[PDB]
>>> print(open('model-v1.txt').read())   # compact mmCIF, C-alpha atoms
# COMPACT_ATOMS: atom_id res chain seq x y z
CA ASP R 50 -37.42 -14.61 38.74
CA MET R 51 -40.18 -12.99 36.76
CA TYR R 52 -41.60 -15.22 34.03
CA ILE R 53 -43.75 -14.72 30.95
CA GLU R 54 -46.93 -16.55 29.89
CA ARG R 55 -48.73 -16.25 26.57
CA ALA R 56 -51.98 -14.27 26.71
CA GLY R 57 -53.13 -14.01 23.11
CA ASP R 58 -52.56 -13.32 19.45
CA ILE R 59 -51.96 -9.73 18.35
CA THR R 60 -54.93 -8.93 16.11
CA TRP R 61 -57.36 -6.12 15.40
CA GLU R 62 -60.92 -6.99 16.46
CA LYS R 63 -63.71 -5.90 14.11
CA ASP R 64 -66.34 -5.97 16.88
CA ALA R 65 -64.41 -3.90 19.39
CA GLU R 66 -65.95 -1.54 21.91
CA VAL R 67 -65.13 2.11 21.16
CA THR R 68 -64.50 4.48 24.06
CA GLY R 69 -62.33 7.26 25.41
CA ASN R 70 -61.90 10.88 24.41
CA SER R 71 -59.05 12.51 22.45
CA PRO R 72 -57.38 15.17 24.57
CA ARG R 73 -54.69 17.54 23.34
CA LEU R 74 -52.41 18.05 26.34
CA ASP R 75 -49.26 20.10 26.83
CA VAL R 76 -46.76 17.72 28.37
CA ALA R 77 -43.14 17.50 29.47
CA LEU R 78 -40.98 14.38 29.69
CA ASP R 79 -38.18 14.27 32.24
CA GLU R 80 -35.02 12.18 32.14
CA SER R 81 -36.56 9.65 34.55
CA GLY R 82 -39.24 8.80 31.98
CA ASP R 83 -42.06 10.63 33.76
CA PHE R 84 -44.55 12.68 31.77
CA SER R 85 -46.10 15.70 33.46
CA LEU R 86 -48.67 18.27 32.43
CA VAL R 87 -47.41 21.76 31.72
CA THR W 18 -41.40 -18.57 21.88
CA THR W 19 -44.38 -17.82 19.65
CA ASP W 20 -45.18 -14.30 18.48
CA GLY W 21 -47.96 -12.81 20.54
CA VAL W 22 -48.83 -10.86 23.67
CA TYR W 23 -47.60 -12.21 27.03
CA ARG W 24 -48.22 -11.55 30.71
CA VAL W 25 -45.20 -10.74 32.88
CA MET W 26 -45.54 -12.43 36.27
CA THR W 27 -43.61 -12.34 39.54
CA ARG W 28 -43.71 -15.69 41.33
CA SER W 33 -47.76 -15.15 41.59
CA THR W 34 -48.80 -11.75 40.33
CA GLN W 35 -49.07 -10.04 36.97
CA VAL W 36 -46.97 -6.87 36.95
CA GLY W 37 -47.06 -6.17 33.23
CA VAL W 38 -47.39 -7.33 29.64
CA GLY W 39 -45.16 -7.48 26.60
CA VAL W 40 -44.97 -8.34 22.91
CA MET W 41 -42.97 -11.13 21.30
CA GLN W 42 -42.10 -10.32 17.69
CA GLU W 43 -39.23 -11.59 15.56
CA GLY W 44 -37.68 -13.42 18.50
CA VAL W 45 -37.53 -10.30 20.70
CA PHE W 46 -39.61 -9.63 23.80
CA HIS W 47 -40.68 -5.99 24.19
CA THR W 48 -42.03 -4.41 27.38
CA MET W 49 -41.79 -1.24 29.45
CA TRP W 50 -38.73 -0.53 31.60
CA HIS W 51 -40.85 0.05 34.70
CA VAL W 52 -42.28 -3.49 34.43
CA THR W 53 -38.99 -5.43 34.69
CA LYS W 54 -36.30 -2.81 35.46
CA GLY W 55 -34.14 -4.82 33.07
CA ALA W 56 -34.18 -7.97 35.17
CA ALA W 57 -33.89 -11.31 33.42
CA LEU W 58 -37.07 -13.19 32.56
CA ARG W 59 -37.94 -16.87 32.47
CA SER W 60 -39.87 -18.38 29.55
CA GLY W 61 -40.51 -22.02 30.35
CA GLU W 62 -37.11 -23.52 31.05
CA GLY W 63 -35.34 -20.71 29.15
CA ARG W 64 -33.94 -17.35 30.21
CA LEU W 65 -34.38 -14.04 28.41
CA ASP W 66 -31.73 -11.40 29.00
CA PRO W 67 -32.15 -7.68 28.37
CA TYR W 68 -30.52 -6.47 25.17
CA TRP W 69 -31.55 -2.82 24.87
CA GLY W 70 -33.43 -0.39 27.06
CA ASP W 71 -33.96 3.23 27.93
CA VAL W 72 -35.34 4.69 31.16
CA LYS W 73 -36.47 7.98 29.58
CA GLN W 74 -38.43 6.14 26.88
CA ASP W 75 -39.57 3.59 29.50
CA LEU W 76 -38.81 0.67 27.15
CA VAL W 77 -36.78 -2.55 27.23
CA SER W 78 -36.21 -5.38 24.76
CA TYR W 79 -34.96 -8.91 25.41
CA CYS W 80 -32.83 -11.17 23.17
CA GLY W 81 -32.40 -8.57 20.44
CA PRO W 82 -32.91 -4.95 19.45
CA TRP W 83 -36.27 -3.20 19.37
CA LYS W 84 -38.27 -4.55 16.41
CA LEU W 85 -41.59 -2.65 16.52
CA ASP W 86 -41.52 0.23 14.07
CA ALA W 87 -45.10 0.99 13.04
CA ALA W 88 -46.28 4.52 13.82
CA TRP W 89 -49.66 6.07 14.52
CA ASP W 90 -50.73 7.90 11.36
CA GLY W 91 -52.21 10.79 13.38
CA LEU W 92 -55.69 10.32 11.89
CA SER W 93 -57.04 6.81 12.41
CA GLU W 94 -58.53 5.09 15.40
CA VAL W 95 -56.37 2.50 17.15
CA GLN W 96 -56.97 -0.49 19.41
CA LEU W 97 -55.50 -1.13 22.82
CA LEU W 98 -55.09 -4.89 23.21
CA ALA W 99 -55.45 -4.67 26.98
CA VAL W 100 -54.25 -7.66 29.00
CA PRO W 101 -55.40 -6.81 32.54
CA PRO W 102 -54.32 -8.91 35.52
CA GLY W 103 -56.80 -11.74 36.05
CA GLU W 104 -58.77 -11.00 32.87
CA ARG W 105 -58.71 -12.18 29.28
CA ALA W 106 -57.07 -10.07 26.61
CA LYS W 107 -59.54 -7.59 25.14
CA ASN W 108 -59.50 -5.00 22.35
CA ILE W 109 -60.66 -1.44 23.00
CA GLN W 110 -60.89 0.99 20.10
CA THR W 111 -60.30 4.71 20.50
CA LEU W 112 -59.25 7.86 18.68
CA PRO W 113 -55.97 9.00 20.28
CA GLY W 114 -55.39 12.48 21.51
CA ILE W 115 -51.89 13.89 21.61
CA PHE W 116 -49.22 14.83 24.08
CA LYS W 117 -47.78 18.08 22.72
CA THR W 118 -44.12 18.22 23.73
CA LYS W 119 -41.08 20.32 22.88
CA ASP W 120 -39.81 17.35 20.83
CA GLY W 121 -42.99 16.75 18.83
CA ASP W 122 -46.45 15.33 19.24
CA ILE W 123 -46.99 11.85 20.67
CA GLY W 124 -50.28 10.04 20.21
CA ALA W 125 -51.99 9.35 23.53
CA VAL W 126 -54.93 7.15 24.53
CA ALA W 127 -57.46 8.18 27.18
CA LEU W 128 -57.99 4.64 28.48
CA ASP W 129 -57.51 3.69 32.13
CA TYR W 130 -56.46 0.14 33.03
CA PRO W 131 -54.62 -1.19 36.09
CA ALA W 132 -50.90 -1.00 36.76
CA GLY W 133 -50.30 -4.57 35.62
CA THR W 134 -51.68 -3.80 32.16
CA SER W 135 -48.44 -1.87 31.51
CA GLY W 136 -46.82 -3.02 28.28
CA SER W 137 -50.06 -3.95 26.52
CA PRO W 138 -49.78 -3.25 22.79
CA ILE W 139 -51.61 -0.55 20.87
CA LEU W 140 -52.46 -1.54 17.31
CA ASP W 141 -53.23 0.08 13.99
CA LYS W 142 -55.92 -1.25 11.64
CA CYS W 143 -53.39 -3.63 10.05
CA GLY W 144 -52.71 -5.20 13.46
CA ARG W 145 -49.21 -3.74 13.69
CA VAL W 146 -47.98 -2.64 17.10
CA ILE W 147 -47.65 1.16 17.07
CA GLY W 148 -46.55 1.32 20.71
CA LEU W 149 -47.03 0.10 24.26
CA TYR W 150 -49.51 1.30 26.88
CA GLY W 151 -48.72 2.47 30.36
CA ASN W 152 -46.53 5.59 30.59
CA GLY W 153 -48.84 8.55 31.00
CA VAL W 154 -50.29 11.47 32.92
CA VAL W 155 -53.16 12.04 35.37
CA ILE W 156 -55.39 15.01 34.56
CA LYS W 157 -57.18 17.24 37.08
CA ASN W 158 -60.21 14.94 37.53
CA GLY W 159 -57.92 11.96 38.19
CA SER W 160 -58.39 10.40 34.73
CA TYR W 161 -55.46 8.73 32.99
CA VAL W 162 -54.02 9.28 29.52
CA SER W 163 -51.23 7.02 28.24
CA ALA W 164 -48.65 7.89 25.65
CA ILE W 165 -48.46 5.54 22.68
CA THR W 166 -44.84 4.69 23.52
CA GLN W 167 -42.81 3.39 20.56
CA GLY W 168 -39.13 2.59 20.25
CA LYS W 169 -36.72 3.09 17.36
CA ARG W 170 -35.96 0.14 15.11
CA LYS G 1 -53.32 4.61 36.37
CA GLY G 2 -52.40 3.12 39.74
CA UNK G 3 -48.14 2.95 40.57
CA UNK G 4 -49.15 6.56 39.89
CA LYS G 5 -48.77 7.32 36.17
CA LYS G 6 -47.41 3.83 35.36
>>> encode(input="model-v1.txt", output="structure tokens")
Amino acid sequence: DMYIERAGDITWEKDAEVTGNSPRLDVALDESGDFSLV
Amino acid sequence: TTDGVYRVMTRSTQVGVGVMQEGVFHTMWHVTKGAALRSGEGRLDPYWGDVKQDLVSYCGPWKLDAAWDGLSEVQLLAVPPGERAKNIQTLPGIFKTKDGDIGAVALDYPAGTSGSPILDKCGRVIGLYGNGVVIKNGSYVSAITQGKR
Amino acid sequence: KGXXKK
């Protein structure tokens, strides 16, 4: 009932915008697949 | 059929994204819940999946095996609902867990971007975007979620 | 995010 449609090629882009920080976070993963912060 | 990145639609609305590689379609469990998918006139059936990892593969076992090297910047190939695919480069942080460190990207895209691939400099898929945490200010950080080949 | 953390 869901369907898939192509969206692009998988390639690295040389021009790409660079953003976001690089946090080091203490985390737990439960059996339901949910991450949480410790 | 062709290798590439694909939108996952419900007939219509984009609820996620996935990667076709080596004849196998890879997405996150929370996108499809393991339901069958249509590709043209064909049907894709789930082959492998794991709720705790939040991953599912169709038509074969998980094929993506590249790993973040812990040092280099990566690119999220974000495929947001209603928008063209776009590459965003970032230096991952890490989720420190009792079972090891997992690279994590501090990039915030909508729910239906779930399953978008994260790439190394060689263009290999090192994981999928969209299983993460919300920090105190509301910001999102996604694990770089990778399966076992 | 936005279905929570997903």
>>> closest_residue(input="model-v1.txt", among="W:168, W:113, W:138, W:63", to="residue R:56", atoms="all atoms listed in the file")
W:138
>>> residues_around(input="model-v1.txt", residues="residue W:129", least_positions_apart="4", cutoff="8 Å", atoms="all atoms listed in the file", output="PyMOL selection string")
(chain W and resi 160-162) or (chain G and resi 1)
>>> residues_around(input="model-v1.txt", residues="stretch 66-81 of chain W", least_positions_apart="2", cutoff="7 Å", atoms="only C-alpha atoms", output="count of residues only")
15
>>> closest_residue(input="model-v1.txt", among="W:18, W:96, W:166, W:108", to="residue W:125", atoms="only C-alpha atoms")
W:166
>>> closest_residue(input="model-v1.txt", among="W:37, W:91, W:44, W:103", to="chain G", atoms="all atoms listed in the file")
W:37
>>> atom_distance(input="model-v1.txt", atom1="atom CA of residue W:65", atom2="atom CA of residue W:105")
24.4 Å
